[PDB]
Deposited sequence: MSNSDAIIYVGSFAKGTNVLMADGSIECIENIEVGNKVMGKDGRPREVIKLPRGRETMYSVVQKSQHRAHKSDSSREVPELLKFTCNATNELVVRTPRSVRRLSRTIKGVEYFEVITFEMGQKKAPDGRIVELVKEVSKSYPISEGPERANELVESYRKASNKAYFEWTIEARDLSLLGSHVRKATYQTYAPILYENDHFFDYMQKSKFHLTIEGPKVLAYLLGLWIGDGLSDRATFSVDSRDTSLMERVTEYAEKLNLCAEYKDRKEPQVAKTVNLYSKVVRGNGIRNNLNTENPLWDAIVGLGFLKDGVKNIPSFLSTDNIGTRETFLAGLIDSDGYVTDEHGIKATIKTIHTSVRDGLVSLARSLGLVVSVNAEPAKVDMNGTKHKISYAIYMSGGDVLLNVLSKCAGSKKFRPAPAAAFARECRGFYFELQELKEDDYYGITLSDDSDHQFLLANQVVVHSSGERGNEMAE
C-alpha cells in the first residue's frame, strides 16, 4: 500500500490543510474536481521512502515524501515522428513513438510504462505502411498525452527520453468558500451585487503599494484608465478616492480613500486579515475562496505593482518586498491554475512571474491598467492541471501514513500544495 511520510500536508475537502497522520476515517479530502473524497482507511507501516521534488532564484518547489510503493500520478506527452535514415546501405522509413509498453522489473514484476518505440521499413516498400502507423497513432487518442501511474521505486525503469518528458501535476482549486462573501453580508445592510468584486480589487491595490497603517495606496498618473477605475470603485463603497491631484509635483499619485459619509476598505483589511501583526499578509483562505474574487484581487495587485508582457506568451509579473506576501501570492496564483515562479531582484525585492493562457487572461480582463488589461478568453475554458518536472531521492526506511478512498472514486486527492497524488490502496 503506497503511502506518504509523517507531516505530509493534505488539502481537506473544505479547503483546510491537515497533516496526514492526523486524518481520521470519515474525513473528506479534496478531490481534484473540487469535490470531496471520503477517507475509508488509513494504511500504516514501514518501507523505504522517496522524496518527490520539483526540478528547477527564490525556490517555491512543489514536493512531498512518499513510500516506494506509492503510485505517482504522472503524464507523459504522446509523440510521433517519421524520418528517413540509411542503415548499412539500406534506406528506411522510421517512425519513433511514445506508447504504453512493458518492462521486467528487478523483482520480476511486469511494469506497464510509457516507452519510446521505433519501427522502420525499407524505402523500397513505400510509405503507406509508415503512414498506417503515424495515422493510427494520431487518431488513437483524443488526448495529446498519456495519463498514468508509476510506483516511485519503478521510476528508474524509464528510458531517458520518457523519464525526462514525464511530469506530475498540481490541480487548480475549484472548490469555493465564501469567507469573503459571507463577510460582506456581515458588513453593512445595503451594497451592490458588485460589492465583493470592488473590495477584492481595492484590497489588491492596497497590498500592492499601500501604507501599512491606513487605507491609502499609490497609483500611476499617466494611467487615466486605472484612475477612473479607483474612483469608480471607491464610490461603489461610498468612499472618496482623494489625492492632491494636479497641484502636487509627482508621478506616483497618493490616493486616500476616506469613509465618505473606520471605513469599509480598512475594516476589511483588518477584519479579513490582509494586515496581520502590523505587516501585510495574503489571507490563506483566499486560495480556497470564490474564484472570481481571487482573480479580481490579483487584477488589483497587478494594477498597482506589476507589469504585463507578451513577448513569448502572456505573462504577468508582480513585485513584492515582503516574503510573507510573496509566498501568499504564489499560493493564491497557483490555486487559479496559473504557472508560477519567483526570483529575487536587487534579496530585497521579489518578482512573482505568472503565466497561463486563458487562466491568465481571465485575471487581466479584470485589471484597469492601460498596459495591464487584456480581453477575456474567446470562449469558456477549463482550468487544466499543470505539470512540474521532478527529482526522486531514495531515503532510508521510516513510518508511512496512507489514505484509502472509496471504490467508485477516481482514487486521487490533493496535497496542501495542490499536487495530485494517488490514494493509498492495494492493486
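According to the record, which stretches of the deposited sequence lack C-alpha coordinates?
Going by the record, the segments left unmodelled (no C-alpha atoms) fall at 1-9, 66-76, 282-293, 379-388, 470-475.
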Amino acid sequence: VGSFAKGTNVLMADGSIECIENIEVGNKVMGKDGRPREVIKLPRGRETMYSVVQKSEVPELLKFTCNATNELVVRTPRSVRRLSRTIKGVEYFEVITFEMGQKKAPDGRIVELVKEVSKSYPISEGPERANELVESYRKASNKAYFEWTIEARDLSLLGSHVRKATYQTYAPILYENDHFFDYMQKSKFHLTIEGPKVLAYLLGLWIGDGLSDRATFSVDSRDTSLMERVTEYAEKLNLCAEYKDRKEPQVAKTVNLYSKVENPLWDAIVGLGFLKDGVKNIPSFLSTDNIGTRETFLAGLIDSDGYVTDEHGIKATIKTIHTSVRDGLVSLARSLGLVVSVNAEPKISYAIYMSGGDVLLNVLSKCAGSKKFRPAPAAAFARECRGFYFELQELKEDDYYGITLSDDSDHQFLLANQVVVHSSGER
From here on, numbers count along this sequence of modelled residues.
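Pick between 298-306 and 212-220: the one whose mean CA B-factor in the entry is higher.
Per the PDB record, 212-220.
Per the record, averaged over C-alpha atoms, which has the higher B-factor: 364-372 or 390-398?
Mean B over CA atoms: larger for 390-398.
From 314, 72, 173, 321, residue of greatest CA B-factor
In this record, 321 carries the highest C-alpha B-factor of the candidates.
Of the residues 382, 62, 58, 30, the one carrying the largest Cα B-factor as recorded
Highest C-alpha B-factor among the listed residues goes to 58.
Chain-relative CA temperature factor third for residue 262:
Highest third.
When the deposited Cα B-factors of this chain's modelled residues are ordered and cut into thirds, is residue 121 in the lowest, the middle or the highest one?
Answer is highest: the recorded C-alpha B-factor places it there.
Where does residue 340 sit by CA temperature factor within its chain: lowest, middle or highest third?
According to the entry, residue 340 has a C-alpha B-factor in the chain's lowest third.
Residue 127 CA temperature factor, ranked by third within the chain:
Highest third - that is where residue 127 ends up once the chain's C-alpha B-factors are sorted.
For residue 206, return the chain-relative third of its C-alpha B-factor as stated in the PDB record: lowest, middle or highest.
According to the entry, residue 206 has a C-alpha B-factor in the chain's middle third.
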